[PDB]
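Just so you know, we're using the UniProt record's numbering here: the sequence shown kicks off at 1025 and counts up by one.
Report on the structure given below.
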Amino acid sequence: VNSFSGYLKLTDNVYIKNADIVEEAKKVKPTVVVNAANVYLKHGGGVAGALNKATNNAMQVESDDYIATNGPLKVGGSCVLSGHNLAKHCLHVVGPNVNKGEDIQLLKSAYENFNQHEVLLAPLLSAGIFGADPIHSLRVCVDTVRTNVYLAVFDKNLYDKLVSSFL
Ligand SMILES: O[C@H]1CCCN(c2ncnc3[nH]ccc23)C1
């Protein structure tokens, strides 16, 4: 039993809710919140911009030190950093950004990072401003993640469409 509330159950391990991931994180304080990161951990817009703003830019400061030490992530890769005031940990995961021409096949590799954590709050990778089909992203999530994932879907029209079209 965990403290996630109001989610629709999609499968054995995947749950979905129309919710602002920032407001969700601030309520649940999950062990892991997933950020829709880029390889540079530049948290400028989309989910990443929102999560960083909620940390008063502490996420960005920590991220810049991470990059200065380690260099960029790989597309499809991840790193674990602090969750600041939102969660214990933030798993920064890089899905391919279609608006940069990156290979959508790397979306499965990106979701594989979730399997290293027993429970997560997460967005649909590569959705929104990353330019991928959110229905496809949800499918890859369901077919790749085996741990317990709670998906926060910001856009109401998409949440209802995601539910109504789910197979
Ligand atoms: O355009 C959308 C694409 C998918 C990721 N995304 C989000 N998902 C959940 N909660 C959120 N809060 C602020 C942004 C956001 C933005």
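Where is the CB? At the ideal position from N, CA and C, for every residue including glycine.
query, result
"Beta-ladder partner(s) of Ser1106, from DSSP", "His1113"
"Proximity below 8 Å, CB of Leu1149 to CB of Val1099", "no"
"Which of helix, strand or coil DSSP assigns to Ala1176", "strand"
"Spatial neighbours of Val1052 in its chain, beta-carbon cut-off 7 Å, leaving aside the 5 residues before and after", "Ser1027, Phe1028, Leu1145"
"Per DSSP, the bridge partner or partners of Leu1144", "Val1173"
"Pair within 8 Å by beta-carbon distance, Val1166 and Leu1034", "yes"
"Segments of 4+ residues assigned as alpha helix (DSSP H) that fall wholly inside the region 1040-1095", "1045-1052, 1070-1078, 1082-1094"
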